[PDB]
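Chains as they are written, first to last, in the entry's author numbering: chain D, 393 to 441; chain U, 201 to 358; chain C, 38 to 144.
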Amino acid sequence: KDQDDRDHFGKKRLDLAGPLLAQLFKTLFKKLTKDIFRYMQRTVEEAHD
Amino acid sequence: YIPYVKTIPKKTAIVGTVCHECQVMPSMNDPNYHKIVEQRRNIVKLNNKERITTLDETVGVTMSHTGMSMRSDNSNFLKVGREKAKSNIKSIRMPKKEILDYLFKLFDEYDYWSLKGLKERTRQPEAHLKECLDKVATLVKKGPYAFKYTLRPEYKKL
Amino acid sequence: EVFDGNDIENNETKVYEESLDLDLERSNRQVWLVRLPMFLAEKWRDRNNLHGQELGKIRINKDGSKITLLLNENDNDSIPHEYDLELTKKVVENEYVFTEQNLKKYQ
Numbered sequence: 393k394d395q396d397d398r399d400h401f402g403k404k405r406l407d408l409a410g411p412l413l414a415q416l417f418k419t420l421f422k423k424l425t426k427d428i429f430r431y432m433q434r435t436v437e438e439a440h441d
Numbered sequence: 201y202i203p204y205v206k207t208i209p210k211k212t213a214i215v216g217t218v219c220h221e222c223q224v225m226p227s228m229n230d231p232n233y234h235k236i237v238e239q240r241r242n243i244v245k246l247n248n249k250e251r252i253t254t255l256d257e258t259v260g261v262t263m264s265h266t267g268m269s270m271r272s273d274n275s276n277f278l279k280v281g282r283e284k285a286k287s288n289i290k291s292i293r294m295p296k297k298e299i300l301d302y303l304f305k306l307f308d309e310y311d312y313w314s315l316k317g318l319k320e321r322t323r324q325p326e327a328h329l330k331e332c333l334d335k336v337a338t339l340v341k342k343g344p345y346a347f348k349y350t351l352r353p354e355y356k357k358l
Numbered sequence: 038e039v040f041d042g043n044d045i046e047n048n049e050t051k052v053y054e055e056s057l058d059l060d061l062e063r064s065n066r067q068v069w070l071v072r073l074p075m076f077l078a079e080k081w082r083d084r085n086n087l088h089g090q091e092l093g094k095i096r097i098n099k100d101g102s103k104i105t106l107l108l109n110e111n112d113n114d115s116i117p118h119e120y121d122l123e124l125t126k127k128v129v130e131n132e133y134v135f136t137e138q139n140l141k142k143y144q
């Protein structure tokens, strides 16, 4: 068999606004959750409200 | 060999040996057949997932709880500051002549006693406590029991 | 249920009041490994059922080569009452069924 063609459009994917915003939101939400945990640790340790 | 293997014994028994492997398939000539066909088609046709919920209320009403809002939070979650700040108790300078014997009996109970524990047990301010503690005892800074006030050897060696 | 390993001290005699050896007495028992569809398995694998009631019968031709399952009328006329048992492997090797229970920890 011949080496797989890299230009074959069947092996390609087009990312629209959907997936792009999905991954961007995933990253931003991970950052938000990290910040929430940091605030929890800070309040519990430094004895704040 | 190895002297330890850390096994986990259990009660097991062989209660049969498999002889035939069978596959149950509904008969093609059964009157109730083709009901499973509809069920299997539904297995893929039906979709479990739902859609996001949109709020039809006024945007200002929905946002009234956001940011600098007049209403004060009534939640009690993670109120560590309140929990530990509510408790507070103070004490008076009782004459040295009594706390001094009290400290001797406490030292007899234990010979290496910390500053926080001393404040807790004697229930005295650090300012007054330090004078008597230095007068009678000394702090070992380099010894293995570091950071712990202990009676001076002059009186301990008795 | 943690316990020592080699146990050269003979601690099992008092720690466990039951034999720790595999019980090879019922091994001479024919067993059929049957794969069921999802609809039948969702009601035959239930734990709030199987009180000993008759689930149906098995009909095998005298000359063999064809085996069928005839369920009782307890299915609520919602699934077929007749099924075919397709023998994927007439002869099966190296397949056994074993149980697992805890041991008495006192004496």
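Note that CB positions come from ideal geometry on N, CA and C, so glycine has one too.
For C/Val-129, there is no enclosing alpha helix (DSSP H), since its DSSP letter is neither H nor E. Of the other Cβ atoms in all chains shown, fewer than 16 fall within 10 Å of the Cβ of C/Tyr-143; this residue is therefore exposed.
For the region 55–100 of chain C, the full-length alpha helix (DSSP H) segments reaching 4 residues or more read 75–81 along the chain. Scanning C/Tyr-120, C/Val-128, C/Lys-126 for the CA closest to the CA of U/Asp-230 turns up C/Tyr-120. Across the structure, C/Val-39 and C/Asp-58 are spaced so that their CA atoms are roughly 17 Å apart. In chain order, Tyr-204, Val-205, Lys-206, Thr-207 make up the part of chain U whose C-beta sits under 7 Å from the C-beta of C/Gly-42.
Judged by DSSP secondary structure, U/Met-263 falls outside any beta strand (DSSP E) and instead within the alpha helix (DSSP H) spanning 259–263.
For U/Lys-235, a Cβ of chain C is located within less than 8 Å of the residue's own Cβ. For U/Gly-216, the uninterrupted beta strand (DSSP E) segment begins and ends at 211–226. Looking at the DSSP output, U/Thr-350 shares a beta bridge with U/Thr-338. Take the alpha-carbon of D/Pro-411 and the one of C/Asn-85: they are about 44 Å apart.
CA-CA distance, U/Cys-332 to U/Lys-296, rounds to 7 Å.
Counting only runs of 4+ residues, the alpha helix (DSSP H) found wholly inside the region 222–309 of chain U occupies 235–245, 259–263, 280–285, 296–309, in chain order.
Remark: three or more beta-carbon pairs, one from each stretch, lie closer than 8 Å, so the region 70–90 of chain C and the region 218–234 of chain U are flagged as touching. Within a 10 Å sphere around the beta-carbon of C/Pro-117 sit 16 or more other beta-carbons, which makes this residue buried.
Of all residues in the region 54–78 of chain C, those with a C-beta nearer than 7 Å to a C-beta of chain U are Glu-55, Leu-57, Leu-59, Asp-60, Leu-61, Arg-63, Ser-64, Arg-66, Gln-67, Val-68, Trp-69, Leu-70, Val-71, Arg-72, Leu-73, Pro-74, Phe-76, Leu-77, reading in chain order.
Rounded to the nearest angstrom, the gap between the Cα atoms of U/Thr-262 and D/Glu-438 is 33 Å.
The beta carbon of U/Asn-232 falls within 8 Å of a beta carbon belonging to chain C, placing the residue at that interface. DSSP places U/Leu-318 inside the alpha helix (DSSP H), whose first and last residues are 315–322.
Counting along the chain, the unbroken beta strand (DSSP E) around C/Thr-105 starts and ends at 104–108.
In terms of Cβ geometry, D/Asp-441 and U/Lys-279 form a close pair [threshold 8 Å]. With the rule of 3 Cβ pairs closer than 8 Å, the region 415–424 of chain D does not count as touching the region 253–271 of chain U. DSSP places C/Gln-138 within a strand segment (E or B) once states are collapsed to three. Taking 8 Å as the upper bound on Cβ-Cβ separation, chain U lies near no residue of the region 405–427 of chain D.
Within 10 angstroms of the beta-carbon of D/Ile-428 lie fewer than 16 other beta-carbons, which makes it exposed.
With a threshold of 8 Å between beta carbons, D/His-400 makes no contact with chain U. The straight-line gap separating the alpha-carbon atoms of C/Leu-87 and D/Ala-409 is approximately 53 Å.
In the structure shown, the three-state DSSP call for D/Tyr-431 is helix.
Bridge partners of C/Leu-122 according to DSSP: U/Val-224, C/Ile-104. Between the alpha carbons of U/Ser-291 and U/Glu-326 lies a gap of roughly 11 Å.
Taking a cut-off of 8 Å on C-beta distances, the region 90–98 of chain C does not touch the region 58–67 of chain C, as fewer than three cross pairs fall below it.
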